[PDB]
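Q: Have a look at this one before I ask anything.
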Amino acid sequence: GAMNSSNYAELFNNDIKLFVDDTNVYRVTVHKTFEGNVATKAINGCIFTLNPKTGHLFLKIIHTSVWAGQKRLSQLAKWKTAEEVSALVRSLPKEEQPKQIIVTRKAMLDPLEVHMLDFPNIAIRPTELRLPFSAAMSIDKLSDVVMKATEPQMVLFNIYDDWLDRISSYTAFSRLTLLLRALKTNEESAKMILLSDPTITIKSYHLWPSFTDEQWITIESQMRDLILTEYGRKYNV
Amino acid sequence: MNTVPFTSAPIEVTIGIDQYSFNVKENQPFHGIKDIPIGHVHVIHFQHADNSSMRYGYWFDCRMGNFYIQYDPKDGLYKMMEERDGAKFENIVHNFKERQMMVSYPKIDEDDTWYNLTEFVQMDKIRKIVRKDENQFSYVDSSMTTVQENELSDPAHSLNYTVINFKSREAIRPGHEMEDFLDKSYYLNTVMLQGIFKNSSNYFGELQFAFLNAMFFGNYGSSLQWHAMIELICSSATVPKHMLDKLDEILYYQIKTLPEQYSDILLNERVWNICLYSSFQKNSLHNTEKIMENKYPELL
Ligand SMILES: CN(C)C1(CN)Cc2ccccc2C1
């Protein structure tokens, strides 16, 4: 069934599961033509498939070539997403295949279900959470590898860096979703927060800065401040 | 014209014969139905005055035998039976006609309704959906579940309709997932029509039989089957032109005949709005759309 606030600890139990987010698969810029009509130009995309327990992100880059000569691209995007997820699952050894796949948008349910008919014992589930995974393209190294790709390509990252060495997956997911919520609500400020101090760096093999435990607490407080503000700035309160 | 005699009418019951019905009182001198048109299947059905639960009845074809009705006080229902002694049967019927104890199948001459509702329905196919091979006639009631219903519990008392499932391997070709889910033409024409039903007449027969069981017995699994078979056609981009024209006629007479007061339960909003307004065949069902819009505009 649907994933919500009430069955939130299930994400961190020992049954393998993946979140799939398709919000960045089909991406376009909208522009005027010489004749003063409007046209779209697609740019590279990505499927965001994440194991919330391990931090394993399977980032499937969607090259614009996949749209060439195709119609109804927003509908295809959902089916293309489901095709790629199903191919990922089949490529994994049996013992690494997920027992559940949670889609962040309900429109992915039928596409994924049809593509996974061969996997009757994999549950496809929606969620009532408003998860901020669309803001993954605000992570500079993820954005950079998507925009540079010249062909379809799968890139494997740990979205938690080394955090699990010191914190639980529950706490790591909470940190991640706070960082992404912030980046989604006010990218500039969020990015200012994360880098203001030039002495804290991002390891070559990491996505996020190498904060100490105490520095993460300050950071997290600042992200909350940002999120509460923008919410006032938005509704005037 | 043929006859279905009744031994007696010991309990107060509303009796149906095709789309007609009449009330019989406890121990009223009622001895059957005469003048039943040859050439069509028929259904004789019952709702007891005391227990409006369980509508039930019998599909039959008088060309296949001499059939009669006899109340069973142990099982407490009117049972169809076959009489194998033809002389005894002729003799029973003639006496009851002479005493005028029989109602007349009351067909208006202009009226083609029953033909139009049963055009493609054949007893031999009914008997394969309703498996009880020692009888030439078939029992159905409100409660009987379908094979597909059982897969989601007594197999002897099931309606063995053809399983249709849009999210199944039978319906979806490996590597055509999107194509086949959005355009079911493959599943309709190759899987179902060519592979399973063999021709569109057997498809329409099951469709019409499913509708009639839904209407006459409120059989929910049959209503599901009727709507699934409609939706499979309407969600196919490629349907033979002769099939669409006939579908329009079939559905038209089903909608025309449905009791105005049962549309709420017997008609699925989603299927009908999708078929008439969103599907590939949204513009291929002119008669059906016009009656639906003038009779049940609320549903849409
Ligand atoms: C770089 N990391 C060692 C990973 C890829 N080598 C481990 C793993 C496994 C599956 C998916 C992502 C990742 C990240």
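Residues in the structure tokens are numbered from 1 in each chain, the chains being A, B, ... in the order shown, and ligands are numbered from 1 in the order shown.
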Can you list every residue in chain A that DSSP puts in strand (DSSP E), as a PyMOL selection string?
A: chain A and resi 17-21+27-32+38-43+45-50+56-62+100-103+123-125+153-158
Q: Applying 9 Å and only C-alpha atoms, which residues near residue 119 (chain B) remain after dropping the ones on its own chain fewer than 4 positions away? List them as a PDB file with N, CA and C atoms, in the first residue's frame.
A:
ATOM      1  N   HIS B  40     -34.365 -18.887 -30.161  1.00  0.00           N
ATOM      2  CA  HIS B  40     -33.567 -18.068 -29.283  1.00  0.00           C
ATOM      3  C   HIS B  40     -33.319 -18.853 -28.012  1.00  0.00           C
ATOM      4  N   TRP B 114     -35.658  -9.041 -27.616  1.00  0.00           N
ATOM      5  CA  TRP B 114     -34.972 -10.225 -27.121  1.00  0.00           C
ATOM      6  C   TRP B 114     -33.969 -10.728 -28.150  1.00  0.00           C
ATOM      7  N   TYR B 115     -34.375 -10.782 -29.419  1.00  0.00           N
ATOM      8  CA  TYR B 115     -33.422 -11.113 -30.468  1.00  0.00           C
ATOM      9  C   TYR B 115     -32.187 -10.221 -30.365  1.00  0.00           C
ATOM     10  N   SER B 201     -18.290 -13.472 -33.214  1.00  0.00           N
ATOM     11  CA  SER B 201     -19.611 -13.887 -32.757  1.00  0.00           C
ATOM     12  C   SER B 201     -19.549 -14.531 -31.374  1.00  0.00           C
ATOM     13  N   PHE B 204     -18.966 -11.662 -28.875  1.00  0.00           N
ATOM     14  CA  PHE B 204     -20.200 -10.953 -28.581  1.00  0.00           C
ATOM     15  C   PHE B 204     -21.156 -11.817 -27.780  1.00  0.00           C
ATOM     16  N   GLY B 205     -21.183 -13.131 -28.030  1.00  0.00           N
ATOM     17  CA  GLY B 205     -22.088 -13.992 -27.255  1.00  0.00           C
ATOM     18  C   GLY B 205     -21.779 -13.956 -25.766  1.00  0.00           C
ATOM     19  N   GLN B 208     -22.819 -10.650 -24.363  1.00  0.00           N
ATOM     20  CA  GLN B 208     -24.226 -10.448 -24.180  1.00  0.00           C
ATOM     21  C   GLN B 208     -24.726 -11.281 -23.018  1.00  0.00           C
ATOM     22  N   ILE B 250     -25.359  -3.710 -30.216  1.00  0.00           N
ATOM     23  CA  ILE B 250     -25.485  -4.557 -29.033  1.00  0.00           C
ATOM     24  C   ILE B 250     -25.685  -3.680 -27.808  1.00  0.00           C
TER      25      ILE B 250
END
Q: May I ask you to extract the residues of chain B within 12 Å of chain A, using only C-alpha atoms, and to give them as number ranges by chain?
A: B: 165-182
Q: Include C-alpha atoms and write out the residues we just selected as an mmCIF file, in the first residue's frame.
A:
data_model
loop_
_atom_site.group_PDB
_atom_site.id
_atom_site.type_symbol
_atom_site.label_atom_id
_atom_site.label_comp_id
_atom_site.auth_asym_id
_atom_site.auth_seq_id
_atom_site.Cartn_x
_atom_site.Cartn_y
_atom_site.Cartn_z
ATOM 1 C CA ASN B 165 -6.678 -8.822 -17.439
ATOM 2 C CA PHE B 166 -5.048 -5.715 -18.908
ATOM 3 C CA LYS B 167 -1.970 -5.933 -16.670
ATOM 4 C CA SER B 168 -0.985 -9.540 -17.352
ATOM 5 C CA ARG B 169 1.580 -11.305 -19.448
ATOM 6 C CA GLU B 170 -1.116 -12.609 -21.773
ATOM 7 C CA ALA B 171 -2.078 -9.048 -22.623
ATOM 8 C CA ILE B 172 1.378 -7.508 -22.813
ATOM 9 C CA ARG B 173 4.074 -8.620 -25.211
ATOM 10 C CA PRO B 174 7.616 -8.512 -23.794
ATOM 11 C CA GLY B 175 9.198 -5.421 -25.291
ATOM 12 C CA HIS B 176 5.833 -3.900 -26.324
ATOM 13 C CA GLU B 177 4.855 -2.963 -22.760
ATOM 14 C CA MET B 178 3.828 0.613 -23.492
ATOM 15 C CA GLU B 179 2.523 -0.097 -26.954
ATOM 16 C CA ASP B 180 0.329 -2.948 -25.831
ATOM 17 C CA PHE B 181 -0.997 -1.292 -22.666
ATOM 18 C CA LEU B 182 -2.090 1.872 -24.434
#
Q: Please extract the residues of region 29-150 of chain A with a backbone DSSP assignment of helix (DSSP H, G or I) and present them as a PyMOL selection string.
A: chain A and resi 64-67+73-91+94-96+106-115+133-138+140-148
Q: Need the shell around region 12-29 of chain A: protein/DNA/RNA residues with any atom at most 7 Å away, counting only C-alpha atoms. Skip same-chain ones fewer than 3 positions apart. Format as a PyMOL selection string?
A: chain A and resi 9+40-53+62+74+77+81+98-104+133-134+169-170
Q: Could you dump the residues just selected with N, CA, C and O atoms as a CSV table (one decimal), in the first residue's frame?
A:
chain,number,residue,atom,x,y,z
A,9,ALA,N,9.4,4.1,9.4
A,9,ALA,CA,10.5,3.3,9.7
A,9,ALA,C,10.7,2.1,8.8
A,9,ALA,O,11.7,1.5,8.9
A,40,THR,N,9.9,23.7,-27.6
A,40,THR,CA,10.8,23.2,-26.6
A,40,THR,C,12.1,22.6,-27.2
A,40,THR,O,12.1,22.1,-28.3
A,41,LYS,N,13.1,22.7,-26.4
A,41,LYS,CA,14.4,22.0,-26.7
A,41,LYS,C,14.7,21.1,-25.5
A,41,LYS,O,14.8,21.6,-24.3
A,42,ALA,N,14.8,19.8,-25.7
A,42,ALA,CA,15.1,18.9,-24.5
A,42,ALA,C,16.5,19.0,-24.1
A,42,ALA,O,17.4,19.3,-24.9
A,43,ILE,N,16.8,18.8,-22.8
A,43,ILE,CA,18.1,18.7,-22.3
A,43,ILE,C,18.3,17.3,-21.6
A,43,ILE,O,17.3,16.7,-21.3
A,44,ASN,N,19.5,16.9,-21.3
A,44,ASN,CA,19.7,15.6,-20.7
A,44,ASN,C,18.9,15.5,-19.4
A,44,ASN,O,18.9,16.5,-18.6
A,45,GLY,N,18.5,14.3,-19.1
A,45,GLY,CA,17.8,14.0,-17.9
A,45,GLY,C,18.4,12.9,-17.1
A,45,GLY,O,19.5,12.3,-17.5
A,46,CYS,N,17.7,12.4,-16.0
A,46,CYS,CA,18.1,11.3,-15.2
A,46,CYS,C,16.9,10.8,-14.5
A,46,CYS,O,15.9,11.5,-14.2
A,47,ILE,N,17.0,9.5,-14.3
A,47,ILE,CA,16.2,8.7,-13.3
A,47,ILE,C,16.9,8.7,-12.0
A,47,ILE,O,18.1,8.2,-11.9
A,48,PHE,N,16.2,9.0,-10.9
A,48,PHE,CA,16.8,9.0,-9.5
A,48,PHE,C,16.2,7.8,-8.8
A,48,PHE,O,15.0,7.8,-8.5
A,49,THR,N,17.0,6.7,-8.7
A,49,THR,CA,16.7,5.5,-8.1
A,49,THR,C,17.6,5.3,-6.9
A,49,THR,O,18.8,5.2,-7.0
A,50,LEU,N,17.0,5.2,-5.7
A,50,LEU,CA,17.7,5.3,-4.4
A,50,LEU,C,17.4,4.2,-3.4
A,50,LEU,O,16.2,4.1,-3.2
A,51,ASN,N,18.4,3.5,-2.9
A,51,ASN,CA,18.1,2.6,-1.8
A,51,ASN,C,18.2,3.5,-0.5
A,51,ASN,O,19.3,3.9,-0.2
A,52,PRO,N,17.1,3.7,0.2
A,52,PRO,CA,17.2,4.7,1.4
A,52,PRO,C,18.0,4.1,2.6
A,52,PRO,O,18.4,4.9,3.5
A,53,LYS,N,18.2,2.8,2.6
A,53,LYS,CA,18.9,2.2,3.7
A,53,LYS,C,20.4,2.3,3.5
A,53,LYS,O,21.1,2.6,4.5
A,62,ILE,N,19.6,10.1,-18.9
A,62,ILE,CA,18.7,10.0,-20.0
A,62,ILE,C,19.2,11.1,-21.0
A,62,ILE,O,19.0,12.3,-20.8
A,74,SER,N,6.1,13.4,-22.6
A,74,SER,CA,5.8,13.3,-21.2
A,74,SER,C,5.2,11.9,-20.8
A,74,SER,O,5.5,11.3,-19.8
A,77,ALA,N,8.2,9.3,-21.3
A,77,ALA,CA,9.1,9.5,-20.2
A,77,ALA,C,8.8,8.5,-19.1
A,77,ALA,O,9.7,7.9,-18.5
A,81,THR,N,11.2,5.5,-18.1
A,81,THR,CA,11.6,5.3,-16.7
A,81,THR,C,11.4,3.8,-16.3
A,81,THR,O,12.3,3.2,-15.7
A,98,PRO,N,15.3,-5.6,-5.3
A,98,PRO,CA,14.4,-5.1,-4.3
A,98,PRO,C,13.2,-5.9,-4.1
A,98,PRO,O,12.7,-6.6,-5.0
A,99,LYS,N,12.7,-5.9,-2.9
A,99,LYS,CA,11.3,-6.5,-2.6
A,99,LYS,C,10.2,-5.5,-2.8
A,99,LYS,O,9.0,-6.0,-2.9
A,100,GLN,N,10.5,-4.2,-2.8
A,100,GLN,CA,9.5,-3.2,-3.0
A,100,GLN,C,10.2,-2.1,-3.8
A,100,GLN,O,11.4,-1.8,-3.7
A,101,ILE,N,9.4,-1.4,-4.7
A,101,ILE,CA,9.9,-0.2,-5.4
A,101,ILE,C,8.8,0.8,-5.1
A,101,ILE,O,7.6,0.6,-5.4
A,102,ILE,N,9.2,1.9,-4.5
A,102,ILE,CA,8.3,3.0,-4.1
A,102,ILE,C,8.4,4.1,-5.1
A,102,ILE,O,9.5,4.8,-5.2
A,103,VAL,N,7.4,4.5,-5.9
A,103,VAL,CA,7.5,5.5,-6.9
A,103,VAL,C,7.1,6.9,-6.2
A,103,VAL,O,6.1,6.9,-5.5
A,104,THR,N,7.8,7.9,-6.6
A,104,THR,CA,7.4,9.2,-5.9
A,104,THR,C,6.2,9.9,-6.6
A,104,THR,O,5.6,10.8,-6.0
A,133,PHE,N,12.9,14.8,-4.1
A,133,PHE,CA,14.0,14.3,-4.9
A,133,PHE,C,14.2,15.0,-6.2
A,133,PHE,O,15.2,14.9,-6.9
A,134,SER,N,13.2,15.8,-6.7
A,134,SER,CA,13.4,16.7,-7.9
A,134,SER,C,14.6,17.6,-7.7
A,134,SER,O,15.2,18.0,-8.7
A,169,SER,N,20.7,5.0,9.2
A,169,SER,CA,20.1,5.3,7.9
A,169,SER,C,18.9,6.2,8.1
A,169,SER,O,18.6,7.1,7.2
A,170,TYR,N,18.2,6.1,9.2
A,170,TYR,CA,17.1,7.0,9.5
A,170,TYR,C,17.6,8.4,9.6
A,170,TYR,O,17.0,9.3,9.0
Q: Around ligand 1, out to 8 Å and counting only C-alpha atoms and all ligand atoms, which residues are there? I want them as a PyMOL selection string.
A: chain A and resi 55-58+155-158+205
Q: Those residues with N, CA and C atoms, as a PDB file, in the first residue's frame please?
A:
ATOM      1  N   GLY A  55      21.994   4.208   0.949  1.00  0.00           N
ATOM      2  CA  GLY A  55      22.409   5.406   0.194  1.00  0.00           C
ATOM      3  C   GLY A  55      22.802   5.179  -1.251  1.00  0.00           C
ATOM      4  N   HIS A  56      22.860   3.937  -1.678  1.00  0.00           N
ATOM      5  CA  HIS A  56      23.160   3.584  -3.078  1.00  0.00           C
ATOM      6  C   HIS A  56      22.212   4.295  -4.040  1.00  0.00           C
ATOM      7  N   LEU A  57      22.682   5.265  -4.810  1.00  0.00           N
ATOM      8  CA  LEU A  57      21.931   5.933  -5.894  1.00  0.00           C
ATOM      9  C   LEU A  57      22.382   5.322  -7.255  1.00  0.00           C
ATOM     10  N   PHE A  58      21.458   4.799  -8.057  1.00  0.00           N
ATOM     11  CA  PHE A  58      21.679   4.287  -9.425  1.00  0.00           C
ATOM     12  C   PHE A  58      21.154   5.363 -10.377  1.00  0.00           C
ATOM     13  N   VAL A 155      25.440   5.946 -13.795  1.00  0.00           N
ATOM     14  CA  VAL A 155      26.485   6.401 -12.860  1.00  0.00           C
ATOM     15  C   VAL A 155      26.037   6.068 -11.443  1.00  0.00           C
ATOM     16  N   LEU A 156      26.912   5.394 -10.680  1.00  0.00           N
ATOM     17  CA  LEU A 156      26.640   4.836  -9.339  1.00  0.00           C
ATOM     18  C   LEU A 156      27.318   5.720  -8.271  1.00  0.00           C
ATOM     19  N   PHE A 157      26.548   6.360  -7.388  1.00  0.00           N
ATOM     20  CA  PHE A 157      26.958   7.267  -6.284  1.00  0.00           C
ATOM     21  C   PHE A 157      26.373   6.769  -4.955  1.00  0.00           C
ATOM     22  N   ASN A 158      26.996   7.105  -3.839  1.00  0.00           N
ATOM     23  CA  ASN A 158      26.386   6.970  -2.513  1.00  0.00           C
ATOM     24  C   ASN A 158      25.949   8.368  -2.093  1.00  0.00           C
ATOM     25  N   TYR A 205      35.601  12.086  -3.906  1.00  0.00           N
ATOM     26  CA  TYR A 205      34.648  10.985  -4.008  1.00  0.00           C
ATOM     27  C   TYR A 205      33.335  11.233  -3.247  1.00  0.00           C
TER      28      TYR A 205
END
Q: Which polymer residues have any atom within 6 Å of an atom of region 172-189 of chain A, counting only C-alpha atoms, with same-chain residues fewer than 6 positions away left out, as a ChimeraX atom specification?
A: /A:132,135,223,227
Q: Neighbours of residue 7 (chain B) within 9 Å (only C-alpha atoms; same-chain residues fewer than 6 positions away dropped), as a PyMOL selection string?
A: chain B and resi 30-32+68-71
